[PDB]
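Colleague: My structure is below; once you've seen it, I'll send some questions.
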Amino acid sequence: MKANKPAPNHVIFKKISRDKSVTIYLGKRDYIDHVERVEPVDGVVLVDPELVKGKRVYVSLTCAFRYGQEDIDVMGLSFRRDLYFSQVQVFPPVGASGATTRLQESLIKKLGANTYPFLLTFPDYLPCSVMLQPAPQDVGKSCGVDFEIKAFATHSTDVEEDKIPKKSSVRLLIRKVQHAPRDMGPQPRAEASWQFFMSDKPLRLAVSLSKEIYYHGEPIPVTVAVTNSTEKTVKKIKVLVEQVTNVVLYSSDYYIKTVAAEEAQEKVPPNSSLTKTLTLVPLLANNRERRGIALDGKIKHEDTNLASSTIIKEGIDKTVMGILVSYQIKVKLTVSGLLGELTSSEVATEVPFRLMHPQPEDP
Amino acid sequence: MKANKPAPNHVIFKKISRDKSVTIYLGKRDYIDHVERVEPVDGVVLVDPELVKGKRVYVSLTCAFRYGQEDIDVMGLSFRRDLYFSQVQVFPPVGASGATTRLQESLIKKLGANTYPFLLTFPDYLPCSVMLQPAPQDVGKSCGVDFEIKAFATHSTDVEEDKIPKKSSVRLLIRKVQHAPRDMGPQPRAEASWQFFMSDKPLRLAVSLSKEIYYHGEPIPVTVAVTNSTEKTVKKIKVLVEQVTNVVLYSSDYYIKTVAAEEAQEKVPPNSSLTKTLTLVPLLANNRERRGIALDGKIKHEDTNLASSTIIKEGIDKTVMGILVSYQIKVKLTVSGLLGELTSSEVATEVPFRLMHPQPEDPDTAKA
Amino acid sequence: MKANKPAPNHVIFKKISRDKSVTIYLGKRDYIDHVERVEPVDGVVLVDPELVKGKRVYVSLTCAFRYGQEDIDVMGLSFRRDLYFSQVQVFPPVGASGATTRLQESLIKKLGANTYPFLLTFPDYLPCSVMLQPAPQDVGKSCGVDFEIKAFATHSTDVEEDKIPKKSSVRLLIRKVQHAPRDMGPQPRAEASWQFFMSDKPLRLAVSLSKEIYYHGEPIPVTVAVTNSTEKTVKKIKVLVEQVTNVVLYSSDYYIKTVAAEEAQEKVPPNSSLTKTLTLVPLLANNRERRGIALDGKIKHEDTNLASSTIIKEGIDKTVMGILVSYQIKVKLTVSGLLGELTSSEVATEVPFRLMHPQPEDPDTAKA
Amino acid sequence: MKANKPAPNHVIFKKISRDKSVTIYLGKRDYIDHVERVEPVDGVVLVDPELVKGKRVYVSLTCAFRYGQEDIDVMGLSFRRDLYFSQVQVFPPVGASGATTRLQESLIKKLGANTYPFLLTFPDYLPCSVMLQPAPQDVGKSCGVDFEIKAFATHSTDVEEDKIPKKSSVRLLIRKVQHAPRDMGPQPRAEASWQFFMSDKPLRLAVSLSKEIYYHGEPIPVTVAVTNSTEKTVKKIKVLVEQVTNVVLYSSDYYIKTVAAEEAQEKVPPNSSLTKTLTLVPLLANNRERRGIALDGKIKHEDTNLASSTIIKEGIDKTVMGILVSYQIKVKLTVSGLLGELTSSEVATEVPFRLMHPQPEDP
């Protein structure tokens, strides 16, 4: 649904400039990021001998945080912040160097003599793809972190000044996806217990989670343990997955939305304890309203889903991340004290967990 | 318990002067004030043909702020300030005019030929009935705003000077009560946050109220939401209705008294959010101590209750109100940091609201 | 330069059919469209008694979007879409009706007994005159929205079928021009900020425009405010008026051309703010290249200029407009970070505005 | 104008609780803060033998940042943040200790046997007194940093719980004033030069300041040097002192107000250079509008003036300061290029400087 017109071998994406002088081919549009390493963007560019004659072609990788652009603002408020930039010359063959990777190696000996490789690496202090669009009930414009690959040809002129025509260039908007670190090791269970003293008699709530990290689509088995030693009854038990977004660059916007839930009108009277095991699966398809939450792509694109929990590297400033995504489990019990209105009291707690994509697989 | 000796038809109050020459009848003693309009004081006066012979009778409406020993002194004791005065001639029939209202119309054709009507209107820049009496622990004398209707006969003398004998006159102390208009402001909401010494986590308190205006006697459902992300524990939660009086005429006296209170009994352990819904009803009967607060009548009278929130009209000077009454909800949390004494720290916030009497039941349904 | 041979009284255009049987006269060739209302096309037709004997004459108004080789093809060449059609009978006098307007009234009593009036109105959901011709560097054929008035005579034949000879008919290609209504939106304002790689200081750009609507030829005073808190220097400041065309009927073609530009010559050193006020006037005469932009007439005609900003009426589908014209102001700053090539970075922003013709001079002052 | 009813010896402030059980005396209400050290708050409390019988009395120092309180907020938004707290027991004589300072020593042997001393010190990571009240054209509630001394008596009850009646306590709102460090050493001049190239021909502006630190009330001699090598003329020269406030705790509010100014319609045509020396003195009395700027006290109090430049100590987090005050000199030149409207172009620059109170004087 998103653009990047393929051509099969296995699956390679291409884009020609209006100029038709330069064409860019990429192995994929989504690049893996597993804390320790991050897939480099290797590919090739098909040039037109005479069209690119006299000029040179380049390819660049740029990460930028945006805020405002493409938004009905009474006073057009926009802000961009570059978090990374790297450029390489792809046309005039630099050095005797060639297809450092197999992808470009086969692509070259499959496209022609006018095919040249390029390789742009990602640093380890960059956030992953994050996007947000304020719902109607939300305040604060939309923002996000884009990763753009750009192939462009530059020629010089008499007036002693170079030119970078839009026509002779291609713009590819790739995405950086978060994947569980390779070789992690077994993980404990997310524990937690609370003691709500009502009239000094206590109402205990204990929440348990199998692992600390869950994959997108993977069911989350939440175990609730309510030990009602009070005189009141727990009329209901609500268990929902909450996503917490935190803009940390242009304006400190804040969001907490439910991306999964499962409520039940249970019954836990005095001197009685109950233990249930629910299962929730937070997905973007869960709700029709995609506004207000933090996705990894455009609200319209098909291959777009919920963003993965942010993973700030040791020693890095969180603001450099632009937007911060996190997940947790909220369990609210509706206690009932029939007398005045203590029967409305709804206590709650939360247990944090991480959400991301399946570990990477080796050859 | 308050005086104004009735006589039934439905319920009409009467008062004869010592002179027995003039008698005043009033439909009621409490007149409605719903921001947009205010019930006019219509009634009649029964005169004695020969006793009122040669002289004329009048009726007057006067609003005055007092500040001294006796808040009824119709002349002077400490400090008085007239906020309004209007007078009309009731005896010698002025014009062919007659019972402009049904009340006086039936009252006249039920009392006699010596019964004459009168009608005194209220302006829209006057405060309502407010009274205060300093408690022992209070400083500053008692004060209030009185509304007095007065029927009196005046005759002239040889020395070229008129006389207004006390005996040939009646003094009625009516009251102006506040009733809900038609539209009330937004839903009362407040949000507080605290970061204590040596702590990097917040303690949030959110207060919610159903409506912005509540009637006297109507229960106020307060919803408290404490999100304790701190290391300490909220040992207690106090919710009370506070009345704030502010004398603004002779001396800027100030008062804040609790007219209702609730101790929601449950705590909020660290790293856990709690949400409770209490219900308080501020009433005068709530406490035996009626000294120090702002009532709408005398501290002794039965039909006396708490004063309604002041409603200053647009463009009017607050000082013209004499005394200013207001209400709010105070929620204090007793946090506890076991170490030095941070365990005594008691944070608090308030959410204002309006209190008055039920909207006027005049939706055209009442066929008088 | 465009045809419609006049004849003075003030200025009236005429056209005779080859047949010489019918002649059409029009008060003008350009009709005003000010959002609320749109000038009706009134005029008269001069017929030749015997030449038009036995047959009837009509006049029709038709709005059509074309997309092909010749944007005048009254039948079909590539793609045509009728957006409106209305016809009236002008020869055999329908009803006792006559010159509903003064124009036809004087024209009739100045031409003869063979002069008959007609009046065709415009609906309020039609676009104005828009034309486009792809430049060499452009892709997508030419298109446009034509408004055609047609006077034609129809007679019948033995074979039971009517005939509409081309010879006995006239084709007038009028145009609908956009004129300011009465109220224009808020003052155009924009604010941008940039933080470049390895830099922690912001670069602010604020753009201001006097009004929201400007007339053709009227100078546009753009005020730029650059607050360079960065380490780099703004070597250049470019301010240009951009026209954005959007074909929305047969094929979604897209255009963005510069119809005005100014190179304010002054720089903004680091840690120093600068505020300049440029003035641009977007006109068709501005550039020799008229290909690729959206005009209101033929690329050759003299009285042809830039099209006015489209004004889609509330509740109407934009596609019904055929082509969409809009204007804006683009301000690009050429920052310079001497190190790798951050010195090439050219940031930019835009502020939209409306362009059209002077408000209709119909304030009751004009006594026609 | 501010309260703290004195009693002469030299000048000592007193305040009795409603309870009349405790009375607090303070040497002064404004305590000096010269980067290296900060005046400790020493004083005494006069108790009533039987009224304080059975209970103990204490005195505490507390620094807190506020935001919102006492403001017409549609949804009462308030926030308090404690930056420091220290408490001492003043009634039951702790240890054989006594008047550590002369102040309390004379005060005691001048008040009675019911007079007890106390001493509360200030840490070196606290901001000074700062207050702000948004003007009508301003957005964001009012805030500030308060320093409160509190004397209160506490007694216990049957229900096993202590009580701290409001009546038996006094609240003193002292202020921490910034004074130039003692023994600084000579300071250079605040220099700066800029080059505005118009059509490649330059227009130079150089600003000079005598010292780097100025005292409140002290005249600031600004020297402007315009070297107009351009074709246009500098029709005007504006020199103003700007105060820059920056809320850094509850919400990042921002302010820039002119607290002094001196404009002149000078004339500097092509190939000509001009050098002027203006003198501005930023004071609170300068303008009637005290709303929108950062003072050191209440907008109503007499002894209230402009806040001093913030001095963040090495290694401390600026957010801990609550509000950040700073000063600078802005010089805007109104150049005129008669042709289109280049004659409106108004260039500008700024030179920062510090503002505070006179150095401290030793015995």
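FYI, nothing fancy with the structure tokens labels: chains A, B, ... in order, residues from 1 per chain, ligands from 1 as they appear.
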Restrict the distance test to only C-alpha atoms, flag each residue of chain A within 9 Å of chain C, and return the flagged residues as a VMD selection string.
Modeller: chain A and resid 73 to 85
Colleague: What are the residues of chain A lining chain D at 12 Å or less? Count only C-alpha atoms, and put the answer as JSON, numbers by chain.
Modeller: {"A": [250, 251, 252, 253]}
Colleague: Go through region 78-234 of chain A and collect every residue that DSSP, computed from the backbone, puts in alpha helix (DSSP H); the answer should be as a list in words.
Modeller: residues 102, 103, 104, 105, 106, 107, 108, 109, 110 and 111 of chain A
Colleague: DSSP says strand (DSSP E) for which residues of region 113-351 of chain D? Put them as JSON, numbers by chain?
Modeller: {"D": [115, 116, 117, 118, 119, 120, 130, 131, 132, 143, 144, 145, 146, 147, 148, 149, 150, 151, 152, 153, 154, 155, 156, 157, 161, 162, 163, 169, 170, 171, 172, 173, 174, 175, 176, 177, 178, 193, 194, 195, 196, 197, 198, 201, 202, 203, 204, 205, 206, 207, 208, 209, 213, 214, 215, 220, 221, 222, 223, 224, 225, 226, 227, 228, 233, 234, 235, 236, 237, 238, 239, 240, 241, 242, 243, 244, 245, 246, 247, 254, 255, 256, 257, 258, 259, 260, 261, 262, 263, 264, 272, 273, 274, 275, 276, 277, 278, 279, 280, 294, 295, 323, 324, 325, 326, 327, 328, 329, 330, 331, 332, 333, 334, 335, 336, 346, 347, 348, 349, 350, 351]}
Colleague: Emit the selected residues as a compact mmCIF listing (two decimals), in the first residue's frame, including C-alpha atoms.
Modeller:
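Output file part03.txt follows:
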```txt
# COMPACT_ATOMS: atom_id res chain seq x y z
CA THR D 115 13.57 33.47 74.78
CA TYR D 116 15.34 30.65 72.92
CA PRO D 117 17.68 30.87 69.91
CA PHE D 118 17.71 28.94 66.64
CA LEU D 119 19.86 28.83 63.52
CA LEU D 120 18.91 27.54 60.07
CA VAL D 130 12.22 34.97 42.00
CA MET D 131 8.61 35.88 41.24
CA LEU D 132 6.57 36.34 38.08
CA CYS D 143 4.98 31.24 39.63
CA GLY D 144 7.89 31.79 41.98
CA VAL D 145 10.36 30.50 44.54
CA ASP D 146 9.45 31.13 48.18
CA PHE D 147 11.59 30.89 51.29
CA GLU D 148 9.52 30.37 54.43
CA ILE D 149 10.55 30.32 58.07
CA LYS D 150 7.94 28.74 60.34
CA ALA D 151 7.68 28.61 64.12
CA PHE D 152 5.09 26.13 65.38
CA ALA D 153 4.14 24.32 68.59
CA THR D 154 3.14 20.65 68.60
CA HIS D 155 1.30 18.73 71.34
CA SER D 156 0.01 15.11 71.39
CA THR D 157 -3.46 13.64 72.01
CA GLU D 161 -1.58 11.32 67.17
CA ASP D 162 0.14 14.71 67.40
CA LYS D 163 -1.44 18.07 66.53
CA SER D 169 2.42 29.07 64.88
CA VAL D 170 3.95 31.92 62.89
CA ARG D 171 4.77 32.12 59.18
CA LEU D 172 7.55 34.41 57.97
CA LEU D 173 8.24 34.76 54.25
CA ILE D 174 11.90 35.82 54.01
CA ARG D 175 13.81 36.39 50.78
CA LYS D 176 17.23 35.37 49.46
CA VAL D 177 18.97 38.24 47.65
CA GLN D 178 21.87 37.89 45.21
CA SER D 193 31.27 42.68 16.68
CA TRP D 194 29.06 41.71 13.72
CA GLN D 195 29.24 42.08 9.94
CA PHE D 196 25.99 42.48 8.00
CA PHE D 197 26.81 42.12 4.31
CA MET D 198 24.34 43.97 2.11
CA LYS D 201 29.35 45.62 1.01
CA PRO D 202 29.36 45.43 4.80
CA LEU D 203 27.60 47.21 7.64
CA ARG D 204 29.46 46.62 10.91
CA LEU D 205 28.11 46.93 14.43
CA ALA D 206 30.32 46.58 17.50
CA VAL D 207 28.98 46.69 21.05
CA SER D 208 31.05 47.28 24.18
CA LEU D 209 30.24 47.24 27.89
CA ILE D 213 28.57 42.59 36.23
CA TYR D 214 26.46 45.64 37.11
CA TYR D 215 24.64 46.46 40.33
CA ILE D 220 25.33 50.74 32.19
CA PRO D 221 27.56 52.56 29.67
CA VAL D 222 26.97 50.96 26.27
CA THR D 223 29.29 51.91 23.42
CA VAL D 224 27.99 51.34 19.89
CA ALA D 225 30.25 51.48 16.83
CA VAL D 226 28.57 51.43 13.41
CA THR D 227 30.83 51.30 10.34
CA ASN D 228 28.45 51.88 7.43
CA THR D 233 21.72 54.95 5.78
CA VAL D 234 21.15 53.96 9.41
CA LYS D 235 18.10 56.11 10.17
CA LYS D 236 17.91 54.95 13.79
CA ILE D 237 19.82 53.28 16.62
CA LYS D 238 17.95 51.60 19.49
CA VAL D 239 19.64 50.41 22.68
CA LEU D 240 17.59 48.55 25.29
CA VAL D 241 18.15 46.28 28.28
CA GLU D 242 16.23 43.03 27.91
CA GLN D 243 15.31 40.65 30.71
CA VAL D 244 14.95 37.00 29.73
CA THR D 245 12.92 34.76 32.05
CA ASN D 246 12.72 31.01 31.57
CA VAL D 247 10.44 28.82 33.68
CA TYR D 254 9.42 32.05 28.17
CA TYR D 255 9.70 35.83 28.52
CA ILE D 256 11.73 38.69 27.03
CA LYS D 257 10.79 42.14 28.27
CA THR D 258 12.43 45.56 27.95
CA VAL D 259 13.36 46.99 31.34
CA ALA D 260 15.25 49.95 29.87
CA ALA D 261 15.67 51.60 26.47
CA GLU D 262 17.09 54.62 24.62
CA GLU D 263 16.36 55.12 20.92
CA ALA D 264 17.68 57.87 18.63
CA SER D 272 30.78 56.77 7.13
CA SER D 273 31.29 55.39 10.64
CA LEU D 274 29.75 56.55 13.95
CA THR D 275 30.50 55.76 17.60
CA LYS D 276 28.10 56.61 20.44
CA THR D 277 28.04 55.93 24.19
CA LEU D 278 24.58 55.54 25.72
CA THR D 279 23.72 54.90 29.36
CA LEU D 280 20.78 52.81 30.54
CA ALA D 294 10.69 38.62 36.96
CA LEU D 295 10.83 40.44 40.30
CA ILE D 323 12.87 30.02 37.15
CA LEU D 324 15.88 31.42 35.29
CA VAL D 325 16.56 35.16 35.04
CA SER D 326 19.12 36.78 32.73
CA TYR D 327 19.92 40.17 31.22
CA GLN D 328 21.39 41.45 27.97
CA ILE D 329 21.73 44.54 25.79
CA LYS D 330 19.95 44.66 22.44
CA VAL D 331 21.05 47.13 19.76
CA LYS D 332 18.84 47.42 16.67
CA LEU D 333 19.81 49.55 13.68
CA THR D 334 17.13 50.69 11.24
CA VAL D 335 18.81 50.63 7.83
CA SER D 336 17.12 52.23 4.81
CA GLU D 346 16.11 46.39 11.04
CA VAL D 347 19.19 44.40 12.05
CA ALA D 348 20.08 43.62 15.67
CA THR D 349 22.45 41.88 18.08
CA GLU D 350 22.80 41.38 21.84
CA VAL D 351 25.53 41.43 24.49
```
Colleague: Quick one: residues within 6 Å of region 17-20 of chain B, only C-alpha atoms counted, chain neighbours fewer than 2 positions away excluded, as a PDB file with N, CA and C atoms, in the first residue's frame?
Modeller:
```pdb
ATOM      1  N   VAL B  22     -52.274  52.409  61.915  1.00  0.00           N
ATOM      2  CA  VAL B  22     -51.868  51.739  60.675  1.00  0.00           C
ATOM      3  C   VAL B  22     -51.469  50.273  60.861  1.00  0.00           C
ATOM      4  N   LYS B 167     -44.969  55.495  67.381  1.00  0.00           N
ATOM      5  CA  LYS B 167     -46.204  54.764  67.640  1.00  0.00           C
ATOM      6  C   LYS B 167     -47.058  54.523  66.402  1.00  0.00           C
ATOM      7  N   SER B 168     -47.197  55.541  65.558  1.00  0.00           N
ATOM      8  CA  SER B 168     -47.997  55.419  64.341  1.00  0.00           C
ATOM      9  C   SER B 168     -47.143  54.950  63.167  1.00  0.00           C
ATOM     10  N   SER B 169     -46.531  53.781  63.320  1.00  0.00           N
ATOM     11  CA  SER B 169     -45.679  53.215  62.283  1.00  0.00           C
ATOM     12  C   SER B 169     -45.343  51.753  62.570  1.00  0.00           C
ATOM     13  N   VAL B 170     -45.054  50.998  61.516  1.00  0.00           N
ATOM     14  CA  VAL B 170     -44.703  49.589  61.650  1.00  0.00           C
ATOM     15  C   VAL B 170     -43.384  49.303  60.936  1.00  0.00           C
TER      16      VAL B 170
END
```
